[PDB]
Amino acid sequence: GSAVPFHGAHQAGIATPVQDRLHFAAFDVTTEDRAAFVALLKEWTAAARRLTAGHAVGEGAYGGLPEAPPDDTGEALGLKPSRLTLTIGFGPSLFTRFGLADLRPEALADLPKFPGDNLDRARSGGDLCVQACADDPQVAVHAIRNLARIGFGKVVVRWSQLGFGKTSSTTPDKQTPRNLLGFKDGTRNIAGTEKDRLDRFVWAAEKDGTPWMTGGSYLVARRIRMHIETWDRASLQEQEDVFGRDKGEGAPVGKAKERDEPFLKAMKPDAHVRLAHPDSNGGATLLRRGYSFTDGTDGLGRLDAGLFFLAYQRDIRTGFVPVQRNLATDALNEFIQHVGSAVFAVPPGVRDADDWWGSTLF
Amino acid sequence: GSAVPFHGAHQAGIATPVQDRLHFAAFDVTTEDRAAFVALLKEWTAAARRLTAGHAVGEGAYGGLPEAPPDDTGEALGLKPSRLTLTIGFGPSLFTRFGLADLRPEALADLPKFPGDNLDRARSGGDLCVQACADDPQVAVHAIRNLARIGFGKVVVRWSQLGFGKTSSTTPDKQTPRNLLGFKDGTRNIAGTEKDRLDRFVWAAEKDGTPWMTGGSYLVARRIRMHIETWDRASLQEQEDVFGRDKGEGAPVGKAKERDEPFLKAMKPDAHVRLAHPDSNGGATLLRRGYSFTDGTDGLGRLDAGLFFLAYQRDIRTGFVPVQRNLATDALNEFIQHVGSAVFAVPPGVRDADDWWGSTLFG
Ligand code: HEM
Ligand code: HEM
Ligand SMILES: [O]
Ligand SMILES: [O]
C-alpha cells in the first residue's frame, strides 16, 4: 500500500505500474476567469500532494472549527496511500478559454469518426480530466470526490467512469490481468522500465512543436461496450481466432508461452493482435492503460459490461488514430462497440513543491 | 483469510466477515417449468461450490473441445477465492410461480411506502437475488456473470449493483469502515461471534411459522442516494449532530471511544443513532451488511454517490420496518433519498455436497 511519488519531470499514473482500480472524471469549466482557474490548479495540486501521500487535504477531515465544513470529506481515513496517482489532462475545448487558443497542441488532434461508433455525447469529451488510479477503489473515489468539491463553482463533473479491474500492464515481469472476455490484456505494451520506448512513443518532446507540452503526453479514452451475450455463445476456437492468442496461456497462436513474440502470419488476417501490432502500423506503438467496467444492466435482462480503454502516446496522430483505423476489419468488432470518447493533453510533471498542474501552459 | 466455507446450516455471507466488495444481482424468472427451475438451482449450487473455492465452473475456462463455448468465461483465472460468498434469496413474486403461493413466509413482508421514497421500479424488486461478496471485485463480478450465463433461458438479470467499498461490520475486533459521508458505519451491529443474538434477531426458527425457512434469514435491500454536495457544505458540527457520534473517533456524544455504548438522551432527538437504536424501537435489531456505490453522475455536474443498504433479520415485520418507520423525522433525511428497494427470503444453508439452494422449499 505504498505511495507513488507525485513529483517528476512526468506526471505519475502513466509509466507507473498499473494500479488495480480506476476512478476517471471528465470536468467542464464553468468560470471564464483565468486567475480563478489558475488558483484552482494550485489548490488542486496541493490537495493531490496530500491525497497521493494518503493524507487528508488541507487541515483534515475533523478536529477543526465546529462551524466550518471540514477540508476533507473523510471517507479515506484509516486507509493507505494505495499507490494512488492523480493525472490531469486538458481537453481541446479548454483552449477556447483563458486566451489559450494559440497554445492548443497540434498533437492534440480531434479523432475522426470511426465505423460503428455510437458515441454518447454526454459521456464524451470534457474540458479536462483527472485520472485516479489506486489499488483501493475508495482511495480513488475519495480523491475525485474531494477535487470536485474543491472545484465547486469553477468546474463541474461532466461524466465519470469507475473501473473495477485493470486490463493493462506496464510491468511485463508481473502477472498480466484479464479483461471481461477472459483474455490476458497488456502482454505487449510499454514497460515503465523501457525509458527509451517511452521517450520514443509516449512523451512529447520540445522539438515536436509545443514547448509547454515537453514531458507531457496525449491521452485517448474510449468507453467500449462488450456484447457479452454474443461472446459467451462463441466457441473457444472462435474466441482464440478473434485475438490471435490462445485463451489459457495467452501465447500467440502456434507458440507455447504468453511472452513469446507474435508470428503474425500464423494468425487470421482479421485477428486483433495482427491488426494492432506495431509492425502492421508503421511502427506506431501505444501505452495502453485501461480498465474493465460494469454499469448496471441494459434493461434487457443482461449485465452491461465493457472496457474503458486508455491509450497514452507522443502524438494522437501517430498513435491511436492509425492503429484504430487499422482495426476497421478487426474480428473483435463483432463483439464490441465504442460508445464514448475523449482526448486530452496531459501536461508535464509537477517538478517540485512550488510547481503546479499546468504551470507550463499558464 | 483466503476462503469461506460454502456449506453450513446457514448460507455464508450473512454472519461471516464482511468482505471488501459487492456485486448484487436481482433476477427475474422466465420459465414456468418447476422442474427446470429446480435444475437451475442444482446447476447454480454446483457452480457456487467451484466459484467460492476459486475454481472455474463446469469443465473450466479453456481446454475443452475447440468448437464448444467454454464452461467458464475466464476472467477469474489467476485470481484467488477472495473470501467469496454467494447468498441466494427468494422474492415474494417467486412464490406466484411453480404453485408456491402458500409457501411464501409470513416473515417475508412487503415493505410499506415510506415518507420520502423515490423508488425506481426498474431497480426494485426481483424474483430472486444473488449477493456476491469478495475482497476482489473481479471475483464477485465473475461469479455473477457466470451465474447469469448459466441461467440464461430460465432467468434474466433485472438489476445489478456494484459496491466498491463496505459500510458494515460483523467483526467488531477489526477496524470499522467508513461510508461516503465520512463516518464509521457498522459499530453497533451484530457480530458473527454473537451466536445468541443471531438466533434471536437474524435466523428464522421452525416455530416462527415457515419450517422450510428454518436457518435462513430475511433480507431488505435499499439503494440510498446521498446528496453529497449539500452534505459537504455543512459544518462539521452539523454533520456530527446528524448522527449523534463525532466524525473522527465515532464515539457517541459525550464519550471518548467508538465502542462506548451510546447515551441517547445526549443526542439531538432527530439524530440518526438515537432514532435507529433498538431501545427506540422495541428492541428491534438489524444485521447491517451494506456497501458504498458510485454510478456515474447526476444529470447536473455532480457525482451520484450513495449507500447500498442491506439488512438481515429474523422477521422483516420486526426488523427493518419498525426501524425505518422511526427514521421518518431523521435529520439524515435532508441528505439522503431511498431510490431502490427489494425484499427476499434467504433460505437455510447448503448442508453438504449433495444439497442444493432451495431444497427445503422445492423438496
Ligand atoms: C474491448 C476492446 C478491446 C479488447 C477486449 C482488447 C483486447 C486485447 C488483447 C487480448 C490483446 C492481446 C494481449 C496484449 O498484447 O495486450 C490486445 C493487444 C493489443 N491491443 Fe487491444 N483490445 C481492445 C481494444 C483495443 C483498441 C481500441 C486498441 C487501439 C486502438 C487496441 C490496441 C492493442 C494493441 C496495440 C495491442 C498490442 C499488440 C501487439 O503489439 O502485440 N486494443 N488487446
Ligand atoms: C445512507 C444511509 C445511511 C447512512 C449514511 C447511515 C449511517 C449510520 C451511521 C454513521 C451509524 C453509526 C455507526 C454504526 O453504529 O453503525 C449508523 C447506525 C445505525 N443505522 Fe444507519 N445509516 C443509513 C441508513 C440506515 C437505514 C436505512 C437504517 C434502517 C432502516 C439504518 C439503521 C441503523 C442502525 C440500526 C444503526 C445502529 C443503532 C445502534 O447504535 O444500535 N441506517 N448509521
Ligand atoms: O488492447
Ligand atoms: O446504518
Side-chain angles (χ1 to χ4, degrees), chain A residues 3-8 11-13 23-65 68-77 81 84-91 94 97-100 126-134 139-158 160 212 216 344-362, chain B residues 182 228-232 234-236 301 303:
Chain A
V4 173
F6 179 71
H7 294 149
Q11 290 195 60
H23 200 197
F24 194 105
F27 300 81
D28 285 337
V29 179
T30 55
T31 183
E32 272 171 37
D33 176 0
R34 178 204 265 251
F37 191 70
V38 166
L40 178 62
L41 289 169
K42 291 185 180 173
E43 201 159 354
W44 265 11
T45 302
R49 278 183 193 100
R50 296 294 278 184
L51 292 168
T52 62
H55 299 308
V57 309
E59 274 174 60
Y62 66 91
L65 280 187
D71 278 1
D72 190 300
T73 55
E75 69 271 19
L77 293 170
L84 180 65
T85 53
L86 298 160
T87 314
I88 191 170
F90 307 143
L94 186 66
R97 313 175 153 265
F98 312 131
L100 297 171
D127 285 330
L128 57 83
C129 68
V130 180
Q131 186 198 263
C133 297
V139 176
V141 170
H142 170 263
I144 294 299
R145 186 272 197 78
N146 279 258
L147 288 175
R149 177 187 177 238
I150 294 163
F152 172 84
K154 301 174 171 189
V155 298
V156 295
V157 185
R158 186 179 179 75
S160 67
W212 73 267
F344 302 95
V346 173
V350 181
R351 228 57 182 270
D352 55 38
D354 286 316
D355 208 10
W356 42 284
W357 275 347
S359 61
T360 63
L361 181 59
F362 296 97
Chain B
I228 295 293
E229 201 152 81
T230 291
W231 177 255
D232 301 342
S235 62
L236 172 55
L303 221 72

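Values reported hereafter were calculated over all heavy atoms of this structure, with side chains retained and with hydrogens, waters and symmetry mates removed. In the text below, chain A, chain B and the rest are named by the order of the sequence lines, each starting its count at 1.
By the ring pair (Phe, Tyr, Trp, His ring centres under 6.0 Å) test, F37(A) pairs with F98(A), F362(A), sequence neighbours left out. Partners of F90(A) under the ring pair (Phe, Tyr, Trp, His ring centres under 6.0 Å) rule, at least two apart in sequence or in another chain, do not exist in this structure. Every residue two or more places apart in sequence or in another chain that forms a side chain to side chain contact (heavy atoms under 4.5 Å, CB included) with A143(A) is listed here: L51(A), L84(A), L86(A). Contacts of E75(A) classified as side chain to side chain donor-acceptor pair (under 3.5 Å), with partners at least two apart in sequence or in another chain: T73(A), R145(A). Partners of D354(A) under the side chain to side chain contact (heavy atoms under 4.5 Å, CB included) rule, at least two apart in sequence or in another chain, are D352(A). Applying the side chain to side chain contact (heavy atoms under 4.5 Å, CB included) test to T45(A) and every residue at least two apart in sequence or in another chain returns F6(A), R49(A), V350(A), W356(A), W357(A). Annotation: side chain to side chain contact (heavy atoms under 4.5 Å, CB included) contacts of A56(A) (sequence neighbours excluded): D72(A). Under the side chain to side chain donor-acceptor pair (under 3.5 Å) criterion, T360(A) pairs with no residue, sequence neighbours left out.
Under a 3.5 Å cut-off, the side chain of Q131(A) and the backbone N or O of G13(A) do form a donor-acceptor pair. Between the side chain of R97(A) and the backbone N or O of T30(A), no donor-acceptor pair lies under 3.5 Å. Counting only distance, with no hydrogens or angles, the side chain of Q11(A) and the backbone of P347(A) share a donor-acceptor pair below 3.5 Å. Using modelled atom types, one side-chain atom of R149(A) and one backbone atom of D232(B) make a donor-acceptor pair closer than 3.5 Å.
Pairs of residues two or more places apart, or lying in two chains, that qualify as salt bridge (charged side-chain N to carboxylate O under 4.0 Å, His left out) and include a residue from residues 26-37 of chain A are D28(A)-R158(A).
Closest non-hydrogen pair, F344(A) versus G126(A), comes out as CE2-O, 3.6 Å. The heavy-atom pair separating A234(B) from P70(A) by the smallest distance is O-CD, 4.1 Å. The minimum heavy-atom distance between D355(A) and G349(A), with the atom names listed, is OD2-O, 3.6 Å. Taking all atoms of both residues into account, the shortest heavy-atom contact from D71(A) to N146(A) is O-OD1, 4.1 Å. Residues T85(A) and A12(A) share a closest heavy-atom pair of CG2-CB, 3.6 Å. When all heavy atoms of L303(B) and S160(A) are compared, the pair lying nearest together is CD1-OG, 3.7 Å.
Rounded to the nearest 0.5 Å, atoms OG (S359(A)) and NZ (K42(A)) are 9.0 Å apart. Here the NZ atom belonging to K154(A) is positioned 13.5 Å from the CZ atom belonging to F27(A), to the nearest 0.5 angstrom.
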### Working for side chain to side chain contact (heavy atoms under 4.5 Å, CB included), residues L41(A) and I88(A)
CA-CA 10 Å; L41(A) 289 169; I88(A) 191 170; 3.9 Å; yes
### Query
What's the verdict on side chain to side chain contact (heavy atoms under 4.5 Å, CB included) for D127(A) and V155(A), showing C-alpha distance, side-chain angles and the deciding distance?
CA-CA 9 Å; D127(A) 285 330; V155(A) 298; over 6 Å; no
### Message
For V4(A) and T52(A): C-alpha separation, side-chain torsions, deciding distance, then whether side chain to side chain contact (heavy atoms under 4.5 Å, CB included) applies.
### Response
CA-CA 7 Å; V4(A) 173; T52(A) 62; over 6 Å; no
